[PDB]
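Visitor: Chains as they are written, first to last, in PDB author numbering: chain Z, 10 to 129; chain Y, 1 to 213; chain B, 27 to 68, 81 to 142, 158 to 176, 187 to 210, 215 to 293; chain A, 342 to 582; chain X, 1 to 225. The structure follows.
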Amino acid sequence: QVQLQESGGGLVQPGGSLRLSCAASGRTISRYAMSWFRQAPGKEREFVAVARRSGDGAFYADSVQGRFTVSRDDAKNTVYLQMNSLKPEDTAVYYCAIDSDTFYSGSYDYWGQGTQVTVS
Amino acid sequence: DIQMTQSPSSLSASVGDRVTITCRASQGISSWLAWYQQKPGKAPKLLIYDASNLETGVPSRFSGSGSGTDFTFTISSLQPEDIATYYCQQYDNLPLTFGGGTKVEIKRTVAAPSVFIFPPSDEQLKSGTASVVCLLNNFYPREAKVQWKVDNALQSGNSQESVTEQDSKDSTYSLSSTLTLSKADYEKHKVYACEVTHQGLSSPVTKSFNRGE
Amino acid sequence: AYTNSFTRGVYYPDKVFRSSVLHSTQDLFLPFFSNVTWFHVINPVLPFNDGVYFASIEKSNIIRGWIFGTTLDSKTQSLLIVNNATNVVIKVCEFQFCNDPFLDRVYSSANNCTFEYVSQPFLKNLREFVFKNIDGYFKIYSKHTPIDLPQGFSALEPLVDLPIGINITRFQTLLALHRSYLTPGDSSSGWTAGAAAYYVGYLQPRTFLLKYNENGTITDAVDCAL
Amino acid sequence: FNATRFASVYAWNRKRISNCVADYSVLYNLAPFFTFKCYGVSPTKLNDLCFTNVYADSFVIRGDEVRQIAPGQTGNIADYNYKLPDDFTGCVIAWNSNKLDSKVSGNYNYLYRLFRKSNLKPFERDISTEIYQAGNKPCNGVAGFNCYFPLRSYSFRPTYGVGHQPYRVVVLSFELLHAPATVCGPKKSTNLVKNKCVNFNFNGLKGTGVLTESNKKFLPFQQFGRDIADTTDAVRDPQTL
Amino acid sequence: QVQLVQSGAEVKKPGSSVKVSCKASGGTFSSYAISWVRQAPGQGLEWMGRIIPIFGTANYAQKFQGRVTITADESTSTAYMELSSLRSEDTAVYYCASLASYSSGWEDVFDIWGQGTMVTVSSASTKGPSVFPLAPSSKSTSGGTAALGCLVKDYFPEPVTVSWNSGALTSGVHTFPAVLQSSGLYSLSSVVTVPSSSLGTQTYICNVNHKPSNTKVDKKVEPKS
Ligand SMILES: *[C@@H]1O[C@H](CO)[C@@H](O)[C@H](O)[C@H]1NC(C)=O
Ligand SMILES: *[C@@H]1O[C@H](CO)[C@@H](O)[C@H](O)[C@H]1NC(C)=O
Ligand SMILES: *[C@@H]1O[C@H](CO)[C@@H](O)[C@H](O)[C@H]1NC(C)=O
Numbered sequence: 010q011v012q013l014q015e016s017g018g019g020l021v022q023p024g025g026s027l028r029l030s031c032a033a034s035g036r037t038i039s040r041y042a043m044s045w046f047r048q049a050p051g052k053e054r055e056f057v058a059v060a061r062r063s064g065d066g067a068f069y070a071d072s073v074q075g076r077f078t079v080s081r082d083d084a085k086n087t088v089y090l091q092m093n094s095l096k097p098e099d100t101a102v103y104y105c106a107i108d109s110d111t112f113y114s115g116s117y118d119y120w121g122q123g124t125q126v127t128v129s
Numbered sequence: 001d002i003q004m005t006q007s008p009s010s011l012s013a014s015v016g017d018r019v020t021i022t023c024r025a026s027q028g029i030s031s032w033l034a035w036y037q038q039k040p041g042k043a044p045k046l047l048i049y050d051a052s053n054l055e056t057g058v059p060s061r062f063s064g065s066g067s068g069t070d071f072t073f074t075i076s077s078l079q080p081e082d083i084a085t086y087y088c089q090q091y092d093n094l095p096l097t098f099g100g101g102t103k104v105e106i107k108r109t110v111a112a113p114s115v116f117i118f119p120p121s122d123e124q125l126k127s128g129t130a131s132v133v134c135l136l137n138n139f140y141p142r143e144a145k146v147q148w149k150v151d152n153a154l155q156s157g158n159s160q161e162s163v164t165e166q167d168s169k170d171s172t173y174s175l176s177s178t179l180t181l182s183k184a185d186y187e188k189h190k191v192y193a194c195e196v197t198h199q200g201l202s203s204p205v206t207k208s209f210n211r212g213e
Numbered sequence: 027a028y029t030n031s032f033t034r035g036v037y038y039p040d041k042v043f044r045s046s047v048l049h050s051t052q053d054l055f056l057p058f059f060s061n062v063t064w065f066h067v068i081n082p083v084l085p086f087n088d089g090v091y092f093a094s095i096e097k098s099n100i101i102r103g104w105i106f107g108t109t110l111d112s113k114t115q116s117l118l119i120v121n122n123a124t125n126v127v128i129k130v131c132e133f134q135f136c137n138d139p140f141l142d158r159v160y161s162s163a164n165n166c167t168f169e170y171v172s173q174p175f176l187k188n189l190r191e192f193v194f195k196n197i198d199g200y201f202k203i204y205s206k207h208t209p210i215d216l217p218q219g220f221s222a223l224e225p226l227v228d229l230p231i232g233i234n235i236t237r238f239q240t241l242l243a244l245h246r247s248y249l250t251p252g253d254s255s256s257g258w259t260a261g262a263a264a265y266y267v268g269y270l271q272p273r274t275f276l277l278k279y280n281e282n283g284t285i286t287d288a289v290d291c292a293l
Numbered sequence: 342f343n344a345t346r347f348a349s350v351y352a353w354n355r356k357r358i359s360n361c362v363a364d365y366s367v368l369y370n371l372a373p374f375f376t377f378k379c380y381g382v383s384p385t386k387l388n389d390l391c392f393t394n395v396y397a398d399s400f401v402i403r404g405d406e407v408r409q410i411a412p413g414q415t416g417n418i419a420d421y422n423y424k425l426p427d428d429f430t431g432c433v434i435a436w437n438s439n440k441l442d443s444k445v446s447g448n449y450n451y452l453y454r455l456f457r458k459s460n461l462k463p464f465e466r467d468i469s470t471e472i473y474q475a476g477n478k479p480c481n482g483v484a485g486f487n488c489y490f491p492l493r494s495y496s497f498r499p500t501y502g503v504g505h506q507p508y509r510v511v512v513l514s515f516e517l518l519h520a521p522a523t524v525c526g527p528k529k530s531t532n533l534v535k536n537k538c539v540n541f542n543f544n545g546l547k548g549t550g551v552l553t554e555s556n557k558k559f560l561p562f563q564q565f566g567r568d569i570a571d572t573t574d575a576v577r578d579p580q581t582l
Numbered sequence: 001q002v003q004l005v006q007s008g009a010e011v012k013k014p015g016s017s018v019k020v021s022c023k024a025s026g027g028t029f030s031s032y033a034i035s036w037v038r039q040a041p042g043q044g045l046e047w048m049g050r051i052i053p054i055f056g057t058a059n060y061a062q063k064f065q066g067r068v069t070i071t072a073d074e075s076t077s078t079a080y081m082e083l084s085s086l087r088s089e090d091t092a093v094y095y096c097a098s099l100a101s102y103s104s105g106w107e108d109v110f111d112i113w114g115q116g117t118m119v120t121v122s123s124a125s126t127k128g129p130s131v132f133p134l135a136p137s138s139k140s141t142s143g144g145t146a147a148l149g150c151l152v153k154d155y156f157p158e159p160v161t162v163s164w165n166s167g168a169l170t171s172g173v174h175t176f177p178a179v180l181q182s183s184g185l186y187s188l189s190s191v192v193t194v195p196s197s198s199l200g201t202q203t204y205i206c207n208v209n210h211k212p213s214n215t216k217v218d219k220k221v222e223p224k225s
């Protein structure tokens, strides 16, 4: 199917920086874009970032445009997201998602795996 | 004849961002290449005629250069007023040919669509035909998928869609779909549904109504 | 109004280095202890006889430019030297100067041009300028010194040699101001500029005995016919 | 020369150059250039000589017209497009752009004046497009008996010979009266050696002697110095200062 | 200055010929060369031919030689073009341009444009539009606002001008492009945004005008619950 995984994370200090990793193998990586999501404890989902085939610039939401930077590597199927100036609100679980719409500018929301992130 | 290729097909960058475009020709040239600005449905506006040669009234914003088979054009920054398509021209010979054209549009964040539905009216039904119209308004992506779920079942090949242009006020976009059916077919079903899926929405949005309401 | 030009107006005559020698030079020099007109802002067209000596001891750089040409505002070629915030602008374009050249962007209308040049800006501080036009060359000598004319002796070094062969008989100076009306036929409208004074002197053919120190700097001179 | 933006001889372009250096070793003399001619002076003398100012005019003409670009010449181009006096002194740089500036059946853009009411004055330019008086009285923007139009198109193409190809020609005129020399053609042409008797030149100041490093302190505006009795003691290097 | 004046839109049956004009004014007519261009509804521009009235000669493109003739007359300073054996696809925007790039050291490029003429080829007949109102449902209201308007159907030929309240209302105006039905007739659509407090009660009116015949049609709209 769309088996996906992420690595890294965990406890971090407030106001610092963090790095998260996500990758896939054994399936096409171009026809579907790679997106992220956020979910606070017992709350609704929130989109974080997504990367397109061309890689022209980057895509972000309102609350993450000016703080987070995202990138993807087409030669290794690995993607990264940048964490900086961490605030107390960043105590939730992130998810790595695949835009399951073939060659589509938009996105189909579907998450494969996630991890926990918290600030001391 | 001479054929030219313009790539990439479209550009996306926010106000105050650099943008560039390239034009290619079948054979190497060193002059007689122009660039045009054409708004939707309006006559093209001259930008460049001779290699790195601007005419009267062109601002310092736009510059061009290139040699050989390929030529390049650059836009230092963008404002809403210059949102339109750019074209490449070669006229070293009388058989003029024009490039495929490239579009530049404003880049911004996500805006959730406002999904609306129009049920048919009695007067329309009296003509022997029925229609249902679904609208998406004020959302970022330039194309949105609209699915019809009459009687909770997907339908295809029986509806038409309309497309608008980028909204200069907020750089948003709108899309609408129109379902059409005959009186017998319209009365055959009982429930009409329109489904919308967007990246910004937390989950798919569905609007539906029944025959009796 | 007139003041005293004690020992000012001396400049290097021939760009030749000399060390610890006394050189007798014959050229256009400002006579010692000569009377020079005293003008203060708070500005008429003056003649351009064989030599002119310009000095200014006004802070804030109110004085900003000069105009030179025969039949000013006519078809004849004329100069336009102004000091912008970035670089100096020298134009030979027969500019059509108005009665009130500039007190506030441009003091003249469009006209044909023959030469243009730009360089770094020339500008309680004393500014001295000597302008000579001979054999088709317009030579400028300048010097700067913090600061009536001070008793201090100082020799003006050459600044630029414009290879322009136009004919010159008159000149006028340009002043800077703010919050003022751009009236071509009126002056002092609106806000008034700060206090500033500038002196004008005329050179004459004189013999001088310049004293060159070990470093090639003129330290003293004697007015031979005083 | 590289611009080649003078396809039409009629209504040719003009340019003024002053306070510059015109190194002819690279201009009109390298392999890419095909032809180059001068009137009244040899290229070497031009390179070694200085001029007050240079006016440059560029135009593209056929092979049959290049011969008309010379003093006291006559012809369609000479009479109606670009006339020159018998005493004219200058140079013409002509390069054939047929390979890179011709089409199989194109090149209609190269226009020239085929007729005119009267011959142009020396160095005169005319952009008028009025009908030529072809036998009958000239038409006033109308058609008449003949009323032929003066301009015509070269229409260069491979089917034409070398004598009917788009020769890109640039003509320069030199001025020497009242010359405070500002345009010159010499290259760097510099060589230095010290500690031995040699004839030397520093922007003139011809002399002979041994050149050695000096401990003097020349001012920024001083070029050379003189000892007692006006003897040239030290000189500033134009290049190294 | 220099300007060009073109005629109005003309419609003629397929297979016949269509006449167009483009008048020139300013300066001297002998100093202007008129070039003709065409633009289809979305496809790139197309070049038909070029004439120089002072020359007396003309040239035409290979794809359009024979079927296209160009004539111009100095007395009334107007340029004309002739098209023969028209076809349905000939429906396109037609422009007149002045090929001024022949006198002042400037070559093979246009600088001046006309107003543009619209021509359509079809077997239909000229008639006024049909307008009916929309009846949006109350349950469909989203964000405190509702969508409403009128539809202009079964009209021929273009152009068609659609406005609202005799032009007195301009906030939240949207008018989507025209479409062609399979029966050979054009159509148009327009929708507005209105607050909850005004819909149903305000005297909202949709305005339509058919300029080929200057037909005037207007209707009122009201939602339902
Ligand atoms: C400069 O022109 C004036 C007339 O405007 C004339 O009297 C004077 O002689 C000229 N200068 C020279 C050096 O001839
Ligand atoms: C000459 O210059 C040297 C080096 O700057 C300095 O030491 C010396 O005092 C100067 N002498 C005079 C007379 O200016
Ligand atoms: C001349 O050029 C040489 C080499 O670029 C450089 O070393 C030298 O300083 C230059 N001198 C001047 C006066 O420009």
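The beta-carbon is built from N, C-alpha and C at its ideal position, and this holds for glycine as well.
Is the distance from the Cβ of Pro225(B) to the Cβ of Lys41(B) below 8 Å?
Guide: Yes.
Visitor: From this set, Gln90(Y), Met4(Y), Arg108(Y), which residue's C-alpha is nearest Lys169(Y)'s C-alpha?
Guide: Out of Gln90(Y), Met4(Y), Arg108(Y), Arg108(Y) has the C-alpha closest to the C-alpha of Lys169(Y).
Visitor: State the start and end residues of the unbroken beta strand (DSSP E) segment that holds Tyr117(Z).
Guide: Careful: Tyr117(Z) lies outside any beta strand (DSSP E) and carries neither H nor E.
Visitor: Would you say the beta carbon of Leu582(A) is closer than 7 Å to some non-hydrogen atom of ligand 3?
Guide: Yes.
Visitor: Do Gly172(X) and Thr201(X) have their beta-carbon atoms positioned less than 8 Å apart in this structure?
Guide: No.
Visitor: Relative to ligand 1, is the shortest distance from any of its heavy atoms to the C-beta of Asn234(B) smaller than 7 Å?
Guide: Under cutoff, so the answer is yes.
Visitor: Counting along the chain, where does the alpha helix (DSSP H) carrying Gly404(A) start and finish?
Guide: First-last of the alpha helix (DSSP H) with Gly404(A): 404–407.
Visitor: Quick one: list the residues of chain Z neighbouring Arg18(Y), beta-carbon separation under 7 Å, in chain order.
Guide: Ordered by position in chain Z, no residue passes the 7 Å Cβ test against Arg18(Y), which lies about 11 Å from the chain.
Visitor: Decide yes or no for the touch test of the region 514–533 of chain A against the region 382–395 of chain A: beta carbon pairs closer than 8 Å, at least 3 of them.
Guide: Contact holds: three or more Cβ-Cβ distances are below 8 Å.
Visitor: With a threshold of 8 Å between beta-carbons, can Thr71(X) be considered close to chain A, or not?
Guide: No, its Cβ sits nowhere closer than 8 Å to a Cβ of chain A.
Visitor: What runs of the beta strand (DSSP E), each 3 residues or longer, lie entirely inside the region 22–97 of chain X?
Guide: Correct list: 34–39, 45–52, 57–60, 68–73, 78–83.
Visitor: Name, please, each residue of chain Y whose Cβ falls closer than 8 Å to the Cβ of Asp83(Z).
Guide: What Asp83(Z) touches in chain Y: nothing, since even the nearest Cβ is about 17 Å away.
Visitor: To the nearest angstrom, how far is it from the Cα of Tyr186(Y) to the Cα of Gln12(Z)?
Guide: Distance between the alpha carbons of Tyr186(Y) and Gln12(Z): 43 Å.
Visitor: On a CA-only basis, which of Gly114(X), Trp106(X), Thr91(X), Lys12(X) is nearest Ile34(X)? Give me that one, please.
Guide: Checking every option, the nearest Cα to that of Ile34(X) belongs to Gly114(X).
Visitor: Name, please, each residue of chain B whose Cβ falls closer than 8 Å to the Cβ of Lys558(A).
Guide: Correct list: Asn282, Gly283.
Visitor: Can you check whether the C-beta of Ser496(A) is within less than 8 Å of a C-beta belonging to chain X?
Guide: Not one chain X Cβ lies under 8 Å of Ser496(A).
Visitor: Under 7 Å between beta-carbons, which chain Y residues line up against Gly143(X)? List them in chain order, please.
Guide: Within chain Y, the residues near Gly143(X) are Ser114.
Visitor: If we count the other Cβ atoms within 10 Å of its Cβ and call it buried at 16 or more, is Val196(Y) buried or exposed?
Guide: Buried, since its Cβ has 16 or more Cβ neighbours within 10 Å.
Visitor: Against chain Z, which members of the region 168–201 of chain Y pass a CB distance test of less than 9 Å?
Guide: Answer set for the region 168–201 of chain Y: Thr197, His198, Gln199, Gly200, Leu201.
Visitor: Consider the C-beta atom of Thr274(B) and the heavy atoms of ligand 1; say whether any pair is separated by less than 7 Å.
Guide: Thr274(B) Cβ: outside cutoff for every heavy atom of ligand 1.
Visitor: By DSSP, does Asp167(Y) sit in helix, in strand, or in coil?
Guide: Coil.
Visitor: By DSSP, does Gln115(B) sit in helix, in strand, or in coil?
Guide: Looking at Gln115(B) - three-state DSSP - the assignment turns out to be coil, as it is neither helix nor strand.
Visitor: Less than 8 Å separating the beta-carbons of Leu244(B) and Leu176(B)?
Guide: In this structure, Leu176(B) does not lie closer than 8 Å to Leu244(B) by Cβ.
Visitor: State yes or no: is the C-beta of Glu15(Z) within less than 8 Å of the C-beta of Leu27(Z)?
Guide: No, these two residues do not count as a Cβ contact at 8 Å.
Visitor: Going by DSSP, name the residue or residues bridged to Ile112(X).
Guide: In the DSSP output, where bridge partners are listed per residue, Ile112(X) has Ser98(X).
Visitor: Just the C-alpha distance for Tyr69(Z) and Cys134(Y), rounded to the nearest angstrom, thanks.
Guide: One C-alpha to the other measures close to 28 Å.
Visitor: Verify the contact flag: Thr284(B), CB atom, against every heavy atom of ligand 2, threshold strictly below 7 Å.
Guide: Under cutoff, so the answer is yes.
Visitor: Only counting the same chain, and skipping five residues up and downstream in sequence, which positions put a Cβ closer than 6 Å to that of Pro412(A)?
Guide: Answer for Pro412(A): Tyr380, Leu425, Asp427, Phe429, listed in chain order.
Visitor: Determine the chain Z residues that contact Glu143(Y) at a beta-carbon separation under 7 Å, and present them in chain order.
Guide: By Cβ distance, chain Z contributes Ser114.
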